[PDB]
Amino acid sequence: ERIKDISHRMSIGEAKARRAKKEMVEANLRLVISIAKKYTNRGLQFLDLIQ
DNA sequence: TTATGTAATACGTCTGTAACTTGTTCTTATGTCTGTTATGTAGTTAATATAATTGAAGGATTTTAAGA
């Protein structure tokens, strides 16, 4: 019982944290493309820079 | 006739050359270990900033799939 409860608490905490981080990065995607706009035509394509 | 003594001659042979072989001894080239320096990798930085990009151009015909 104890290990099951610990596992459930771990899982819910990690899921919450992952969801929050995913929301944050999905927000800042635009800042990514903005900054990566400035380093094109240097041997790497635009989308590699974005990634 | 026959002993004798010189002489040609053929065969051993003693010694001088040379081949086969090893000791060993010295020299050198190489492989390896170790110490030091340069190279290669990696992590971090906290005013704020939040949908590219650059061209490119008078083509003339066929055949074959999608759309209706």
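Naming convention: chains lettered A, B, ... in sequence-line order (proteins, then strands); numbering from 1 in each chain.
Considering only residues two or more places apart in sequence or on other chains, A:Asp48 meets the salt bridge (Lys or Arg N to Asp or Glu O under 4.0 Å) condition with none of them. Taking the side chain to side chain contact (heavy atoms under 4.5 Å, CB included) definition, one finds that A:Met10 meets it with A:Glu14, sequence neighbours left out. In this structure, the side chain to side chain donor-acceptor pair (under 3.5 Å) partners of A:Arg9, at least two apart in sequence or on a different chain, are A:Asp5. Qualifying salt bridge (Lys or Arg N to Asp or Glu O under 4.0 Å) partners for A:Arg19, counting only residues two or more places apart in sequence or in other chains: none. Looking at residues two or more places apart in sequence or on another chain, you find a salt bridge (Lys or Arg N to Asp or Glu O under 4.0 Å) between A:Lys22 and A:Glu26.
Stacking check, B:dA65 with B:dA66: both criteria met, centre separation under 5.5 Å and interplanar angle under 30°. Neighbouring residues B:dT37 and B:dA38 meet the stacking criterion, with the centres of their six-membered base rings under 5.5 Å apart and the ring planes within 30° of each other.
For DNA chain B, the residues of residues 35-43 of chain A within the heavy-atom distance limit of 4.0 Å (strictly under) are A:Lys37, sorted by number.
The hydrophobic cluster containing A:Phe46 also includes A:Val32, A:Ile33, A:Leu44, A:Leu47, A:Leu49, A:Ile50, under a criterion of side-chain heavy atoms closer than 4.5 Å among ILVMFWY residues, counted directly or through chains of members.
B:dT50 has its base syn relative to the sugar, with a glycosidic angle deviating from 0 by at most 90°. With a glycosidic angle no further than 90° from 0, B:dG58 counts as syn.
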Which dot-bracket string describes DNA chain B (Watson-Crick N1-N3 plus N6-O4 or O6-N4, or G-U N1-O2 and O6-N3, all under 3.5 Å; [ ] crossing; | other strand)? ....................................................................
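For residues 31-44 of chain A, there are no side-chain hydrogen bond (donor to acceptor under 3.5 Å, both in side chains) pairs, not counting sequence neighbours.
Here A:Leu29 contributes atom CG and A:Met24 contributes atom CE; the two are 10.5 Å apart, rounded to the nearest 0.5 Å.
The footprint of chain A on DNA chain B, defined by a heavy-atom cutoff below 4.0 Å, extends from B:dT50 to B:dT53.
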